4 protein chains.
Amino acid sequence: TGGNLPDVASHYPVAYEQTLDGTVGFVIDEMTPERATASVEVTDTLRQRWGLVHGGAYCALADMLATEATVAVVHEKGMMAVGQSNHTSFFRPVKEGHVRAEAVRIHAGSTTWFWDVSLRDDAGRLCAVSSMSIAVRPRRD
Amino acid sequence: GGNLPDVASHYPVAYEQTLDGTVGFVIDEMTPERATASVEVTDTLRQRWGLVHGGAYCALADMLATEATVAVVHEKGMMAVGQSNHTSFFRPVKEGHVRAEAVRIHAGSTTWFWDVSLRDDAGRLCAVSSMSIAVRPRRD
Amino acid sequence: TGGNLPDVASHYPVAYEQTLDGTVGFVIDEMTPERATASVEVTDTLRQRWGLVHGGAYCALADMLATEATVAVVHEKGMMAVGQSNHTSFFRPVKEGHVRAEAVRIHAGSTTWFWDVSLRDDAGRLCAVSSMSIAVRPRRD
Amino acid sequence: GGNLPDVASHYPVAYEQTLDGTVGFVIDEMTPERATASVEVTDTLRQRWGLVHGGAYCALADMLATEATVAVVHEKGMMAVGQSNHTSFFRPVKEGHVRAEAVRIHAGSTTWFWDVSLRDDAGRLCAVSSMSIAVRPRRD
Ligand SMILES: CC(C)(COP(=O)(O)OP(=O)(O)OC[C@H]1O[C@@H](n2cnc3c(N)ncnc32)[C@H](O)[C@@H]1OP(=O)(O)O)[C@@H](O)C(=O)NCCC(=O)NCCS
Ligand SMILES: CC(C)(COP(=O)(O)OP(=O)(O)OC[C@H]1O[C@@H](n2cnc3c(N)ncnc32)[C@H](O)[C@@H]1OP(=O)(O)O)[C@@H](O)C(=O)NCCC(=O)NCCS
Ligand SMILES: CC(C)(COP(=O)(O)OP(=O)(O)OC[C@H]1O[C@@H](n2cnc3c(N)ncnc32)[C@H](O)[C@@H]1OP(=O)(O)O)[C@@H](O)C(=O)NCCC(=O)NCCS
Ligand SMILES: CC(C)(COP(=O)(O)OP(=O)(O)OC[C@H]1O[C@@H](n2cnc3c(N)ncnc32)[C@H](O)[C@@H]1OP(=O)(O)O)[C@@H](O)C(=O)NCCC(=O)NCCS
């Protein structure tokens, strides 16, 4: 897919280049049922006015990666998956380079999957983490 | 200039090039205890399934709470930056606007905390964000 | 009930005085479907070794009050309610007196209710807050 | 003395009278990067429905993460205390033990952060706690 999001449907409401993810440049590298990775090159579109990666950008990258890692498994079982909680904590800022995210699945329940997502800079330092709780529900249409 | 608080003569990134400008965040009211902001839904704010992106609610809450703290503390020699953002999602938004209201609930020497509500065009509570804002002396 | 917890069943697995809540002295004052209050007199049983109310005590009081405020409504509809996330943030410590909690319902969905709980000292100051997310599920037995 | 780190000659509250002593928390391993603790389930740890109290997992995570920070920073003149505890609950515990393992993931000048896992007697992950620990100069 665009951004390499999992291809689980024949068509999507919004094309990759037009979504938030498309606009800021998020790209998924690996995806398996228990772990997924994605990254993004830092440009001003990712920053706040003070020149640092925007807090919302780490949240969004985590959210898309954990959500979609769940969608990759559950869609074909007739479920929808959507984030119900995103708790991101910020340890070190990023000014430039890339942000690289790794989502590790820690719980796969029938109604909720939980992913721990680490967000690292190009030196490998842990700049933020997000705890992503993803609701899983039967698709209604 | 998204109407962000004018606290400095120069900013490293212009509004229109920032994430906030790209998606269209605009601050309406700002006081030390309460601030509001809003955005029109466009595809730039959406994920590929046509709903407002989880990260969009987080980014709105984050810029609002953070810059409402900057508004007070910058002229006191302090830098303010988000240290935790906990957003929870109750109802999706497909189109219209998202409107945020940040209510300051704690203002301590090193941390300010804001409860942010994110509502749709019908006034319904779609999400909430608990924003924890670190306050530290500006590094010369 | 003991602690004035909502009386929704003819019998309970564990008596009030023997539970955590019983042991530390939590007591519910008001309960309605949208708001509930409870308090606790501070004694050493509530404190950590450094003499301050234990971080776990604020979490527990919030958790019981939001959970039970949900149970008060949903039990008689055949649902069980149990906390799925408790996010407590700590602003000011308490050394002695009481901790008073007020739970305000902010979302009542079919699977999740969400309560904002403020925890105040005897001077009325806001010492901690907890965001309580309560899963609601049909009872299995 | 729940085996908490011995960093001071006197403590305001004895172990047995603290919340930790009343419910039975005991620290096993403690190093600067990783600590473990456990408790036997008894009714004192339970809510009236017979399951381990939500607050019990939070209190375990909180004392473990906090005191693993005290272990390092106290002798450096610093006080450490929890500023946020985010616990999420995946599976209940009716009886047996709860075992916690705190892994330090960030150690900054003013905040240390610990990922705490809470497991049952079968090793299953029952809950997790993200502990944010504020570190400040001790007030003389
Ligand atoms: C919140 C929760 C109900 C959500 O369910 P989930 O994430 O979809 O997880 P699953 O439904 O896949 O099941 C996990 C376990 O939760 C419990 N559970 C789930 N639904 C339940 C229900 N309707 N009634 C009773 N227990 C239930 C069961 O113990 C289940 O184990 P089992 O499948 O061996 O019976 C579940 O995660 C949970 O019970 N969490 C623990 C809550 C807790 O312990 N809070 C602390 C205070 S008691
Ligand atoms: C986390 C914390 C230290 C961060 O400090 P802050 O947000 O900058 O808050 P302030 O520094 O403005 O001070 C608020 C109160 O915190 C306490 N505090 C702050 N710094 C302190 C320090 N270095 N030593 C002792 N107490 C301190 C004091 O009670 C202070 O009140 P006072 O200034 O009237 O004495 C402070 O919010 C706090 O103590 N939170 C509560 C911690 C808690 O109770 N945890 C649960 C287990 S005890
Ligand atoms: C997570 C969630 C599914 C849990 O459901 P809940 O707390 O039990 O709330 P309810 O089920 O009572 O319903 C609230 C709304 O959620 C949505 N929803 C719930 N279940 C759904 C499902 N199976 N399929 C699609 N939408 C659903 C619907 O919009 C619903 O409104 P409606 O009842 O008018 O259709 C729901 O809160 C939600 O969708 N949250 C918003 C998620 C979100 O917007 N994330 C941001 C990125 S898109
Ligand atoms: C929140 C925060 C300031 C708390 O500080 P802390 O936990 O004590 O961390 P430290 O103070 O040990 O410093 C870690 C990095 O934070 C930044 N920082 C800390 N204090 C700072 C200050 N007063 N001014 C500018 N940067 C500061 C520096 O990048 C520091 O790295 P360095 O010491 O190598 O320059 C720090 O963790 C931080 O900056 N977090 C990331 C904030 C973020 O990116 N938010 C998202 C929107 S920009």
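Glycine also receives a Cβ, built like all others from the backbone with ideal geometry; neighbour counts cover every protein chain displayed. Each value in this text was obtained by applying a stated rule to the coordinates, not by laboratory testing.
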Alpha-carbon centroids, segment D:44-75 and segment D:76-124: separation in whole Å: 8
Checking segment C:36-141 for trypsin sites (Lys or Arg not before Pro) in a loop per DSSP with at most 14 other beta-carbon atoms within 10 Å yields C:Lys95, C:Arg125, C:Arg139, C:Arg140
Between the helical axis of B:54-73 and the dominant principal axis of chain B, each derived from Cα atoms, what acute angle in degrees is found, rounded to the nearest 10? 20
Could you work out [θ]222 nm for chain C from helices alone, using -39500 (n - 2.57) per DSSP H run of at least four and dividing by all its residues? Round to the nearest 500 deg cm²/dmol. -5500 deg cm²/dmol
Hull volume in cubic angstrom per residue (convex hull over the Cα atoms of segment D:33-92): 106
Semi-axes in Å, largest first, for chain C (Cα gyration tensor, √(5λ)) are 25, 17, 12
Taking chain C as the reference, fit the longest principal axis to its C-alpha atoms, fit the long axis of helix C:55-74 to the helix C-alpha atoms, and give the angle between the two in degrees, 0 to 90, nearest 10. 20
Using only the Cα atoms of chain B, what semi-axes does the equivalent ellipsoid have when each is the square root of 5 times a gyration tensor eigenvalue? Give whole Å, largest first. 25, 17, 12
For the protein assembly as shown, Kirkwood radius (reciprocal of mean inverse C-alpha pair distance, Å): 23.8
Using a Förster distance of 51 angstrom, determine the FRET efficiency expected from the C-beta separation of D:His97 and A:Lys95, and round it to 0.05. 0.65
Can you tell me the relative contact order of chain C? Whole percent, Cα pairs under 8 Å, sequence separation 6 or more. 23
Do any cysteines of the protein assembly as shown lack a neighbour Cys whose Cβ is under 4.7 Å away, and which are they? A:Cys127, B:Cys126, C:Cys127, D:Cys126
Over chain B, what is the relative contact order in whole percent, taking alpha-carbon pairs under 8 Å and six or more residues apart? 24
Using a Förster distance of 45 Å, the FRET efficiency for A:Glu17-B:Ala122 (Cβ separation, nearest 0.05): 0.90
